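Down below is the structure, laid out as structure tokens.
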Amino acid sequence: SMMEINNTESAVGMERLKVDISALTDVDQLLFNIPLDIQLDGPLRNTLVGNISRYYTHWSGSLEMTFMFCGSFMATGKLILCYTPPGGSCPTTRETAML
Amino acid sequence: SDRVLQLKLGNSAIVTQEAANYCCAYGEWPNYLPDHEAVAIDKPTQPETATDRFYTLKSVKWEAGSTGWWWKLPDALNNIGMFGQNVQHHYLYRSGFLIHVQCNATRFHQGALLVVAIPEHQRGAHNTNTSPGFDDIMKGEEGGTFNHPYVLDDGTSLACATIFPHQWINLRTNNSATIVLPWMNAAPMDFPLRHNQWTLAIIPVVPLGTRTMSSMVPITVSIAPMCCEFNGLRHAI
Amino acid sequence: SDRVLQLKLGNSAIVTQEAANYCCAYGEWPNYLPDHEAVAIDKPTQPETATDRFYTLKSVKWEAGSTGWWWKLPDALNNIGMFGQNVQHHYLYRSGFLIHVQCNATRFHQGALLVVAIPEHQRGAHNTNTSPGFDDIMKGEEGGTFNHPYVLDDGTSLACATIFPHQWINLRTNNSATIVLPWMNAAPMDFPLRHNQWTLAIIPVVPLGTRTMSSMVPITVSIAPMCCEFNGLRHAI
Amino acid sequence: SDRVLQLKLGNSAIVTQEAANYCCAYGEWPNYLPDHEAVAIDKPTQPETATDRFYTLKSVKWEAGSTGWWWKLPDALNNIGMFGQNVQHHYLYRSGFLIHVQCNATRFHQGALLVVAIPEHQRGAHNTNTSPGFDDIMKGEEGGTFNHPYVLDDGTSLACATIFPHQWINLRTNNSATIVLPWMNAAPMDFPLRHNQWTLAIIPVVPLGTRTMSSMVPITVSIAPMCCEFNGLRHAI
Amino acid sequence: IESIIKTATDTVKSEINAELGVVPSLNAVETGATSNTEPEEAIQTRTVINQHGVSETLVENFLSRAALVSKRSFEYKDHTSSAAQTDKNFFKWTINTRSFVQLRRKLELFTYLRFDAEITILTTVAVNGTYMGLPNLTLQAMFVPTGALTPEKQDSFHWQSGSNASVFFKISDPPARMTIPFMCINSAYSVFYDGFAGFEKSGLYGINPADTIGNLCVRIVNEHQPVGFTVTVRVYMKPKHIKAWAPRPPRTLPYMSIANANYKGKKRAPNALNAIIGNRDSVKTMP
Amino acid sequence: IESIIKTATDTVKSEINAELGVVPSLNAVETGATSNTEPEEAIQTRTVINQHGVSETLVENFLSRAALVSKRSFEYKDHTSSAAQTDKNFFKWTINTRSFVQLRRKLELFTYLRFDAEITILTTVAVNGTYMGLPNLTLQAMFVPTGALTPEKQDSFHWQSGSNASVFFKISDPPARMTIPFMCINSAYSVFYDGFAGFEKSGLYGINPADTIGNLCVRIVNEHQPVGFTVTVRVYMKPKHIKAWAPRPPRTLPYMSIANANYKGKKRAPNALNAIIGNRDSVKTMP
Amino acid sequence: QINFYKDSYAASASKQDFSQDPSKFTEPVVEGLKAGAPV
Amino acid sequence: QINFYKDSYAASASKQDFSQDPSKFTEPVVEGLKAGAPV
Amino acid sequence: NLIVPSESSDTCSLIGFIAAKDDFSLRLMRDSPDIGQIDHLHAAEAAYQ
């Protein structure tokens, strides 16, 4: 089920469920990041994995994030989707995140 | 292979060349009512090719500021063809549905439609304590428009609406969605004019956008009832 | 079939949908050093998932007047992650490499990249008798740029450089190249900070050109070391 | 027989000629995490000779008014060698420890060191309600000094501290103590930078005394991690 | 393929994977299917024997929690000079699971439900006031079905209960506990009813007539004391033998009425109409 | 060698012992081992068939004693003109085994514990005052886990308890008794945690986040009487099905806080900082 | 467990139904997808 | 003894575990000591 | 990089989903922090009138 990754101001209603990506002129650039807090009011809260889990206190197991690209057919592109285990802070450069 | 699909029901066929591996709702296929589940004791009529066939609704204009579209079943078909005449002359109906939704555009258009079939979509109104009236629910063949598609017009969420039987029309991948609905009720048959059991919802999660020549892109809905039974023959309304 | 490819090493995966049937260098696959070929008698460390994984380098801007790009292995990875820490703390290394090069553009762009892996690319300077210095060879993660890509910066020829393990990224056919390099030396293990064994070279034989909207097209290099062994543990430099 | 002992781990050996029949903590030997006890599902790295080896800490000066010394594991080793680099680049660790403590003097010196390994030595402060801060607990390679070794700095007693895995360095009998610690936690793996599981404590129950020439007698601590596993690879801090 | 899952699934060790034609991490959301990418196919895993049971997320256990469904304080006194709008030693309640939103959001995670209702009735007494002690009052909770007549007074002849099921219980006793069967005239309760109750177009929207249980009429069997008491009755429903069908998105906006599914949302995020999750500065902003 | 010991060991008769090479009474403490000198090897013993059982020093029996863990008097009255710092017909309690030092010193004889908690709740009522009698009040002890919301008032909507486990009990009843399972996310409770709770360096020292149980919120379900009552609730924990690991020296100095292991010691011996055993005149002084 | 009533709905909660079929919600498509083959 | 609950942690205290291994605290050394032979 | 031609829309969109896997497990049920009433659902008092 959909994540509200675009939980920002000036994202009104159904615009919150999508992340608009554009052509950039710098390399290795960050697009978005997802706070993995389900207990806190973040992008994972109003999901089927989020709402049912908040009736419970403890949780275990693997999560899968699926990203559907909704550009045109003539849109090409390559993304990297990094998951960083805790212990540090969040990675901000792609050199740091692909580790 | 799984991108081409011909759906033949009755005297109606639909071919499509960008499909997306059609959805059977809850893994279930439509059947007739078996004898161990029947209630109404009279012999049902089963007009097979006369009703189990694709009925094409009026197309809606997919536009820039669109919120969404919804049709309630069998209300969208209660006045079309021989399915509509069997509804008006009988007290009970029982059918599953084969919904095929069509929306194509060029390879320079983008957009994503959530084509979701919602069982018992008991709608709510906005900012009032009054329940939705009869004319707010029973739209017929025209269908309705989502007031707030983000909450599915019932206080729930569009985000979690993928728990229902759904497909997507992503314009870069496919141009059609097909959902095969079984009978979905608490009872075996039902009065079709005061109860809708499936709401077909089509929602722009990603809006239509391109920078090429701005043609009209519509969204067309073809719904085939499947395994129609009708009980309690009387006059028409 | 052979146009899609997922490369899973460690905690890293790379999917690509326009591949070109990846290259195994000289028909060889990376292995660990066997006992009948070993020299250094101490027990090696084999950090399997910690080092055998894709490390993504900094992307380079494929532009109009580009001559080429080169990265020397393992110099490009001597300071990245746990592969870099094992290099700094050990005297000997032994690994093969899985290089995946990414470059996509639209169906209106043209261009051809020779993605060639050169064993022992002993460079030369231009118009001087002086050998290339340390800073002209050991560029690290940044890599270098071909001064004269037509002669491969060593007096040889770009034309005959298809004798080496190579692929092409022709933008109308594919958007990725993958070369699987084994251990390539005269000795079994090697000191990684004073010897490079593979040079990944990416060369514009056909330049980038289109008449559509001029986006930035970069070239990204992901290199996975394979079957890493390290011998001669000490302090770091 | 049981007074001589060579401990070979990795590229490190330690011989001692006055040993005292080394201690296995709770009768347990270090192992790797088995599949029926594992939690983290990714493949761990097991750098065997790179991390399972003796790391020698800084020696402390056994003096006349000494109260004691303590090192917390793995905090004392989180920044040493390839064990430290695996700690900084991973989220989880799992290891046992082989602690060898060295203290020799002449046959005219006396003294007794309680070399005790304390699981989960949750320290306390003196004469305040404030918990010990981060800099009061995480001393790193330097270690700490007992404020009140008689109560083990936690309100308990030094007298009953022989319930823990311990040995003694009595200078008339031996000059070394060796304790082999297994994994000691409630969970299978652990975050090494916010949790210490073993505290090596060395305490002067009998102080150093002689009437011969007053040399410096130090106490040296060599700790070998054993059966190191690391999970959750990321960048370093 | 239906199978009996008592613990969570185990993980198998996996190797270096590099194969043409095989892209396990690529998917098609457009099919309407969830991604079938395994952890073994995305990273290199180890063998994990997983012993974590799944028995607490069973729909039986998820719904068999006793939740409050009704709550009335009503004055127990002489009601001669009292208003006609006031409860006069008794009350009536049309039985529904919509009045309290803890149970309501939980039951609306499903389209159809079939359960037996274990009904627990708790009674509290409190003096209006001087304080003299709490009386051990006897209460009658009578179950009046649909079409049967409800009492209009406390000494009425409807409390005779020749066929209505009454329960007579005291305040000092343990709380009165019965079990209402699966009572619907259909094979499941319609938690949502996309339809109208009657054949005329003036019928109510959103309530199945099959969902109609009836009335719970509770009186104090005692005659009134010389002083007044505030008697609070709390009714607790605990579903059991649950079969549940066709799960739904949870209610995100605050409820407005028990009669319908109308929404307003909160004034700001979270749980507002145009924002369900509270806002951050940008999509690349991490707290 | 692990073996089943149900009674204490027997004594065997022994003879005159005079043998070279054999010194059973000489030992090496430096090895870290306890002396293995037998009574048969030190004196001449007789045969004693020892029938003394060991079943009362079992860790199960040593810890399965119901001990007090919580205690609150709180006023049951109308709380309109009361301070915000006062308990207003309800209280909250973050559940811990550190507040009372009888159980705390006993549980801190071990490093790790794994037990089920049999929780007994005793309630006492007393009139503030004239005396008129004690009311049979109904209490709700609701178990609020970590991350769930706690009630802020006595008539709050958190007491609806759609999924929280509540228990409704009266003062005149026997005390309310439940069982909390082994609740930790690890395989044992860390009685001592040599570490920090968060990933930032401002986290608390000495408390495992896995050790966090939650909140015990107890209210009086009754509305307030015309007079005031002081209601005291005592919560008793009884560990059961105990597995215990790695025993520790007992706490000798008096505790200072429930949050840590800080020490001051008494002013003089016994149990002072520089003297745990009270002093005698000399080591050769016998009372 | 203990049920001394003549009606079978009076019994305690039946908490032993460990059957699952997630594929009626996660794979409702007509063609069973492979593990790594493209769709 | 009497346990009419569906959860096995609800049972009474299990006071029948008479296994001991004192040698993990009293003889934790690697070489098993003799009775009278010197160490 | 996101590289589109001139007639495609220069800004493209992603929709991110999340599920759990079949090794996922939940325990220790509590009330959900999401829902909350304060006073007066409409027609709730009319169920007593």
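FYI, nothing fancy with the structure tokens labels: chains A, B, ... in order, residues from 1 per chain, ligands from 1 as they appear.
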Go through chain E and flag each residue having an atom no more than 9 Å from chain G; for those, report the closest pair of atoms plus their distance in Å to one decimal, using only C-alpha atoms, ordered by chain and rising number, as CSV.
residue,atom,partner,partner_atom,distance
E:1,CA,G:21,CA,6.2
E:2,CA,G:21,CA,4.6
E:3,CA,G:19,CA,5.5
E:4,CA,G:19,CA,4.2
E:5,CA,G:18,CA,5.6
E:6,CA,G:18,CA,5.8
E:21,CA,G:37,CA,6.4
E:22,CA,G:36,CA,4.6
E:23,CA,G:36,CA,4.7
E:24,CA,G:36,CA,3.7
E:25,CA,G:36,CA,7.4
E:26,CA,G:38,CA,7.4
E:27,CA,G:39,CA,7.2
E:28,CA,G:39,CA,6.8
E:31,CA,G:29,CA,6.9
E:32,CA,G:29,CA,7.2
E:33,CA,G:27,CA,4.9
E:34,CA,G:26,CA,4.8
E:35,CA,G:26,CA,7.9
E:36,CA,G:35,CA,7.0
E:37,CA,G:35,CA,7.2
E:38,CA,G:35,CA,8.3
E:41,CA,G:36,CA,8.4
E:54,CA,G:18,CA,8.4
E:55,CA,G:18,CA,7.5
E:58,CA,G:15,CA,7.4
E:59,CA,G:15,CA,8.7
E:60,CA,G:15,CA,5.9
E:61,CA,G:15,CA,6.6
E:64,CA,G:13,CA,7.2
E:116,CA,G:9,CA,6.5
E:118,CA,G:10,CA,8.3
E:178,CA,G:10,CA,8.5
E:179,CA,G:10,CA,6.1
E:180,CA,G:10,CA,8.4
E:181,CA,G:9,CA,6.2
E:182,CA,G:9,CA,8.0
E:239,CA,G:13,CA,8.4
E:240,CA,G:13,CA,5.1
E:241,CA,G:13,CA,5.7
E:242,CA,G:14,CA,8.3
I need the residues of chain G that end up classed as helix (DSSP H, G or I) by DSSP on the backbone, written out as JSON, numbers by chain. {"G": [8, 9, 10, 22, 23, 24]}
Requested in this report: Excluding residue F:124 and any residue of its chain fewer than 3 positions from it, enumerate the residues within 9 Å of it, using only C-alpha atoms, and give them as a PyMOL selection string.
Outcome: chain F and resi 73+171+230-234
Restrict the selected residues to N, CA and C atoms and save them as an mmCIF file, in the first residue's frame.
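Once everything was written out, this is selection-v4.cif:
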data_model
loop_
_atom_site.group_PDB
_atom_site.id
_atom_site.type_symbol
_atom_site.label_atom_id
_atom_site.label_comp_id
_atom_site.auth_asym_id
_atom_site.auth_seq_id
_atom_site.Cartn_x
_atom_site.Cartn_y
_atom_site.Cartn_z
ATOM 1 N N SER F 73 -1.513 5.693 47.532
ATOM 2 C CA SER F 73 -2.727 6.330 47.996
ATOM 3 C C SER F 73 -3.081 7.448 47.031
ATOM 4 N N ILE F 171 -13.537 -3.675 45.602
ATOM 5 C CA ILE F 171 -12.755 -3.686 46.829
ATOM 6 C C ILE F 171 -13.144 -4.874 47.700
ATOM 7 N N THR F 230 -9.690 8.090 50.645
ATOM 8 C CA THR F 230 -8.307 7.826 50.270
ATOM 9 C C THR F 230 -8.216 6.365 49.861
ATOM 10 N N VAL F 231 -7.937 6.122 48.588
ATOM 11 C CA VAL F 231 -7.901 4.772 48.045
ATOM 12 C C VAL F 231 -6.449 4.397 47.808
ATOM 13 N N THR F 232 -6.001 3.329 48.457
ATOM 14 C CA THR F 232 -4.636 2.843 48.325
ATOM 15 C C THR F 232 -4.634 1.556 47.517
ATOM 16 N N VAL F 233 -3.835 1.527 46.456
ATOM 17 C CA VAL F 233 -3.713 0.369 45.584
ATOM 18 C C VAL F 233 -2.311 -0.199 45.748
ATOM 19 N N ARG F 234 -2.228 -1.488 46.056
ATOM 20 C CA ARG F 234 -0.965 -2.201 46.190
ATOM 21 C C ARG F 234 -0.887 -3.276 45.122
#
Which residues of chain I are close to chain C, meaning at most 8 Å apart when you count only C-alpha atoms, and how do they look as a PyMOL selection string? chain I and resi 1+3-6
Handout entry: Within 7 Å of residue I:36 using only C-alpha atoms, minus same-chain residues under 2 positions, as a ChimeraX atom specification
Key = /E:101 /I:34,38
Selection above as a file: N, CA, C and O atoms, as an mmCIF file, in the first residue's frame:
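This went into selection.cif:
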data_model
loop_
_atom_site.group_PDB
_atom_site.id
_atom_site.type_symbol
_atom_site.label_atom_id
_atom_site.label_comp_id
_atom_site.auth_asym_id
_atom_site.auth_seq_id
_atom_site.Cartn_x
_atom_site.Cartn_y
_atom_site.Cartn_z
ATOM 1 N N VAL E 101 -15.392 4.570 19.416
ATOM 2 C CA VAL E 101 -14.611 4.488 18.187
ATOM 3 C C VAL E 101 -13.416 3.558 18.275
ATOM 4 O O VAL E 101 -12.776 3.311 17.248
ATOM 5 N N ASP I 34 -4.027 5.827 16.675
ATOM 6 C CA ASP I 34 -4.519 6.626 15.564
ATOM 7 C C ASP I 34 -5.903 7.184 15.846
ATOM 8 O O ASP I 34 -6.154 8.376 15.630
ATOM 9 N N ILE I 38 -13.485 12.682 21.327
ATOM 10 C CA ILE I 38 -13.452 13.580 22.473
ATOM 11 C C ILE I 38 -14.818 13.648 23.153
ATOM 12 O O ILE I 38 -14.979 13.155 24.274
#
Requested in this report: With a cut-off of 7 Å and counting only C-alpha atoms, select all residues of chain D in contact with chain F and give the selection as a ChimeraX atom specification.
Outcome: /D:20-23,120-129,131-132,134,154-157,160-161,163,166-170,186-187,194-197
For chain I, which residues have at least one atom within 9 Å of chain E, if we go by only C-alpha atoms? Write them as a list in words, please. residues 19, 21, 22, 23, 24, 25, 26, 27, 28, 29, 31, 32, 34, 35, 36, 37, 40, 41, 42, 43, 44, 45, 46, 47, 48 and 49 of chain I
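The smallest atom-to-atom distance between chain I and any of A:70, A:30, A:90, A:40, using only C-alpha atoms, is found for A:70.
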Note to self: Considering only strand (DSSP E) as DSSP defines it on the backbone, what residues of stretch 55-236 of chain E qualify? List them as a PyMOL selection string.
What the structure shows: chain E and resi 67-76+90-91+110-127+138-145+165-170+176-180+189-190+214-220+229-236
Quick one: contact table of chain F to chain E, 8 Å max, nearest atom pair and distance in Å to one decimal per residue, counting only C-alpha atoms, chain and number order, as JSON lines?
{"residue": "F:132", "atom": "CA", "partner": "E:132", "partner_atom": "CA", "distance": 5.8}
{"residue": "F:133", "atom": "CA", "partner": "E:133", "partner_atom": "CA", "distance": 6.2}
{"residue": "F:134", "atom": "CA", "partner": "E:133", "partner_atom": "CA", "distance": 7.3}
{"residue": "F:135", "atom": "CA", "partner": "E:134", "partner_atom": "CA", "distance": 6.2}
{"residue": "F:136", "atom": "CA", "partner": "E:134", "partner_atom": "CA", "distance": 7.4}
{"residue": "F:138", "atom": "CA", "partner": "E:124", "partner_atom": "CA", "distance": 7.3}
{"residue": "F:160", "atom": "CA", "partner": "E:68", "partner_atom": "CA", "distance": 5.6}
{"residue": "F:161", "atom": "CA", "partner": "E:67", "partner_atom": "CA", "distance": 6.0}
{"residue": "F:162", "atom": "CA", "partner": "E:67", "partner_atom": "CA", "distance": 4.7}
{"residue": "F:163", "atom": "CA", "partner": "E:65", "partner_atom": "CA", "distance": 6.0}
{"residue": "F:165", "atom": "CA", "partner": "E:65", "partner_atom": "CA", "distance": 8.0}
{"residue": "F:221", "atom": "CA", "partner": "E:124", "partner_atom": "CA", "distance": 7.4}
{"residue": "F:222", "atom": "CA", "partner": "E:124", "partner_atom": "CA", "distance": 5.7}
{"residue": "F:223", "atom": "CA", "partner": "E:126", "partner_atom": "CA", "distance": 6.1}
{"residue": "F:224", "atom": "CA", "partner": "E:126", "partner_atom": "CA", "distance": 6.9}
{"residue": "F:225", "atom": "CA", "partner": "E:127", "partner_atom": "CA", "distance": 5.8}
{"residue": "F:226", "atom": "CA", "partner": "E:129", "partner_atom": "CA", "distance": 5.6}
{"residue": "F:227", "atom": "CA", "partner": "E:131", "partner_atom": "CA", "distance": 6.3}
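Minimum atom-to-atom distance to chain G, evaluated using only C-alpha atoms, belongs to A:48 out of A:74, A:82, A:48, A:27.
Residues in contact range of residue A:20, defined as at most 7 Å between only C-alpha atoms, with sequence neighbours fewer than 4 positions away removed, read residues 11, 12, 13 and 14 of chain I.
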Item to complete: Identify, on the basis of only C-alpha atoms, every residue whose closest approach to residue D:78 does not exceed 7 Å; exclude the query and any residue fewer than 5 positions from it along the same chain; express the result as a PyMOL selection string.
Response: chain D and resi 83-84+87
How would the residues just chosen look if you wrote them out with N, CA and C atoms as a PDB file, in the first residue's frame?
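The file below, part-v1.pdb, is the result:
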ATOM      1  N   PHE D  83      39.290  -5.426  14.030  1.00  0.00           N
ATOM      2  CA  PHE D  83      38.103  -5.561  14.866  1.00  0.00           C
ATOM      3  C   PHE D  83      37.390  -4.228  14.991  1.00  0.00           C
ATOM      4  N   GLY D  84      38.155  -3.148  15.138  1.00  0.00           N
ATOM      5  CA  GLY D  84      37.563  -1.831  15.228  1.00  0.00           C
ATOM      6  C   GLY D  84      36.909  -1.379  13.946  1.00  0.00           C
ATOM      7  N   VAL D  87      33.585  -3.041  13.568  1.00  0.00           N
ATOM      8  CA  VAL D  87      32.605  -2.445  14.470  1.00  0.00           C
ATOM      9  C   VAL D  87      32.030  -1.165  13.875  1.00  0.00           C
TER      10      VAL D  87
END
Counting only C-alpha atoms, which residues of chain A come no farther than 6 Å from chain E, as a list in words? residues 6, 7, 8, 12, 13, 32, 33 and 41 of chain A
Could you turn the residues from that selection into a file that holds N, CA, C and O atoms, as an mmCIF file, in the first residue's frame?
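As a result, part.cif now contains:
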data_model
loop_
_atom_site.group_PDB
_atom_site.id
_atom_site.type_symbol
_atom_site.label_atom_id
_atom_site.label_comp_id
_atom_site.auth_asym_id
_atom_site.auth_seq_id
_atom_site.Cartn_x
_atom_site.Cartn_y
_atom_site.Cartn_z
ATOM 1 N N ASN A 6 5.732 12.116 0.282
ATOM 2 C CA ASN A 6 5.574 13.555 0.116
ATOM 3 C C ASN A 6 4.639 14.124 1.183
ATOM 4 O O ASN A 6 3.644 14.782 0.895
ATOM 5 N N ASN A 7 4.952 13.854 2.449
ATOM 6 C CA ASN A 7 4.233 14.449 3.572
ATOM 7 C C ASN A 7 4.818 15.828 3.868
ATOM 8 O O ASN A 7 5.532 16.056 4.841
ATOM 9 N N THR A 8 4.525 16.766 2.977
ATOM 10 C CA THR A 8 5.007 18.131 3.113
ATOM 11 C C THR A 8 3.831 19.089 3.017
ATOM 12 O O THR A 8 2.726 18.720 2.616
ATOM 13 N N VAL A 12 -1.132 18.601 -1.302
ATOM 14 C CA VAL A 12 -2.494 18.664 -0.794
ATOM 15 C C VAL A 12 -3.210 17.388 -1.203
ATOM 16 O O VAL A 12 -3.501 17.177 -2.386
ATOM 17 N N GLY A 13 -3.483 16.534 -0.222
ATOM 18 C CA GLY A 13 -4.278 15.345 -0.434
ATOM 19 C C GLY A 13 -3.571 14.274 -1.226
ATOM 20 O O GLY A 13 -2.592 13.686 -0.770
ATOM 21 N N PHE A 32 14.881 11.670 -2.201
ATOM 22 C CA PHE A 32 14.004 11.641 -1.049
ATOM 23 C C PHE A 32 14.571 10.651 -0.054
ATOM 24 O O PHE A 32 15.464 9.864 -0.364
ATOM 25 N N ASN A 33 14.040 10.706 1.153
ATOM 26 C CA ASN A 33 14.323 9.689 2.142
ATOM 27 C C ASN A 33 13.055 9.413 2.928
ATOM 28 O O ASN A 33 12.177 10.268 3.043
ATOM 29 N N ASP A 41 4.550 9.517 13.464
ATOM 30 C CA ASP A 41 3.672 9.914 12.368
ATOM 31 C C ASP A 41 4.531 10.271 11.159
ATOM 32 O O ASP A 41 4.832 11.433 10.879
#
### Query
Counting only C-alpha atoms, which residues from chain D have an atom at most 8 Å from any atom of chain C, and could you show them as a VMD selection string?
chain D and resid 10 to 11 42 to 50 81 to 82 85 to 86 89 233 235 to 236
Residue selection dump (N, CA, C and O atoms) as a CSV table (one decimal), in the first residue's frame:
chain,number,residue,atom,x,y,z
D,10,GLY,N,45.3,-16.3,15.3
D,10,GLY,CA,45.6,-15.5,14.2
D,10,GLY,C,47.1,-15.5,13.9
D,10,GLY,O,47.7,-16.5,13.9
D,11,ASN,N,47.6,-14.3,13.8
D,11,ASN,CA,49.1,-14.1,13.7
D,11,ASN,C,49.7,-13.7,15.0
D,11,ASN,O,50.8,-13.2,15.0
D,42,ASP,N,20.5,-11.4,7.2
D,42,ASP,CA,21.5,-11.3,6.1
D,42,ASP,C,22.8,-12.1,6.5
D,42,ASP,O,23.0,-12.5,7.7
D,43,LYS,N,23.6,-12.4,5.5
D,43,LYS,CA,24.7,-13.2,5.7
D,43,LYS,C,25.8,-12.5,6.5
D,43,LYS,O,26.2,-11.4,6.1
D,44,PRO,N,26.3,-13.0,7.6
D,44,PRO,CA,27.3,-12.3,8.4
D,44,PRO,C,28.6,-12.4,7.7
D,44,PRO,O,28.9,-13.3,7.0
D,45,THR,N,29.5,-11.4,8.1
D,45,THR,CA,30.9,-11.5,7.7
D,45,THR,C,31.6,-12.1,8.9
D,45,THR,O,31.3,-11.8,10.1
D,46,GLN,N,32.6,-13.0,8.7
D,46,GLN,CA,33.3,-13.6,9.7
D,46,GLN,C,34.8,-13.5,9.3
D,46,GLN,O,35.4,-14.4,8.8
D,47,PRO,N,35.4,-12.3,9.6
D,47,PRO,CA,36.8,-12.1,9.4
D,47,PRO,C,37.6,-12.9,10.4
D,47,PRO,O,37.7,-12.5,11.6
D,48,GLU,N,38.2,-14.0,10.0
D,48,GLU,CA,38.6,-14.9,11.1
D,48,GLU,C,40.0,-14.5,11.6
D,48,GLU,O,40.1,-14.1,12.7
D,49,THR,N,41.0,-14.6,10.8
D,49,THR,CA,42.3,-14.2,11.3
D,49,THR,C,42.5,-12.7,11.5
D,49,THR,O,43.4,-12.2,12.2
D,50,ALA,N,41.7,-11.9,10.8
D,50,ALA,CA,41.8,-10.4,10.8
D,50,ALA,C,41.3,-9.9,12.1
D,50,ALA,O,41.8,-8.8,12.6
D,81,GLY,N,42.6,-1.9,15.1
D,81,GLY,CA,42.8,-2.9,14.1
D,81,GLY,C,41.6,-3.2,13.2
D,81,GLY,O,40.8,-2.3,12.9
D,82,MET,N,41.5,-4.4,12.7
D,82,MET,CA,40.4,-4.8,11.9
D,82,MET,C,39.1,-5.2,12.7
D,82,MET,O,38.1,-5.3,12.2
D,85,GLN,N,37.5,-1.8,12.8
D,85,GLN,CA,36.9,-1.3,11.5
D,85,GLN,C,35.6,-2.1,11.2
D,85,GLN,O,34.7,-1.5,10.6
D,86,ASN,N,35.5,-3.3,11.6
D,86,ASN,CA,34.3,-4.1,11.5
D,86,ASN,C,33.2,-3.6,12.4
D,86,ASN,O,32.0,-3.7,12.1
D,89,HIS,N,31.7,-0.2,10.8
D,89,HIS,CA,31.0,-0.4,9.5
D,89,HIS,C,29.8,-1.3,9.6
D,89,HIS,O,29.1,-1.4,8.6
D,233,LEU,N,25.9,-4.3,7.5
D,233,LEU,CA,27.0,-3.5,6.9
D,233,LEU,C,26.4,-2.1,6.4
D,233,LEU,O,25.3,-2.1,5.8
D,235,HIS,N,28.0,2.4,6.2
D,235,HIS,CA,29.1,3.3,6.3
D,235,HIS,C,29.7,3.3,7.7
D,235,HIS,O,29.1,2.7,8.6
D,236,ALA,N,30.8,4.0,7.9
D,236,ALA,CA,31.3,4.2,9.2
D,236,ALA,C,30.9,5.5,9.8
D,236,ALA,O,30.4,6.4,9.1
| task | Using only C-alpha atoms, determine which residues lie at most 7 Å from residue D:164, disregarding the query and same-chain residues fewer than 5 positions distant; provide the list as a PyMOL selection string. | result | chain D and resi 116-118
Those same residues, written as a compact mmCIF listing (two decimals), in the first residue's frame with N, CA, C and O atoms?
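Result file is again-v9.txt:
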# COMPACT_ATOMS: atom_id res chain seq x y z
N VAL D 116 39.00 -10.20 37.34
CA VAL D 116 37.63 -10.70 37.29
C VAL D 116 36.93 -10.11 36.07
O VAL D 116 37.13 -8.94 35.72
N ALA D 117 36.17 -10.94 35.37
CA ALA D 117 35.38 -10.54 34.21
C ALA D 117 33.92 -10.49 34.61
O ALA D 117 33.35 -11.51 34.99
N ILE D 118 33.32 -9.31 34.52
CA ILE D 118 32.01 -9.04 35.09
C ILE D 118 31.01 -8.90 33.95
O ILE D 118 31.13 -7.97 33.14
Computed gap from atom CA of residue F:148 to atom CA of residue F:213 is 11.7 Å
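Separating atom CA of residue C:201 from atom CA of residue C:32 is a distance of 25.6 Å.
Straight-line separation from atom CA of residue B:27 to atom CA of residue G:31: 10.9 Å.
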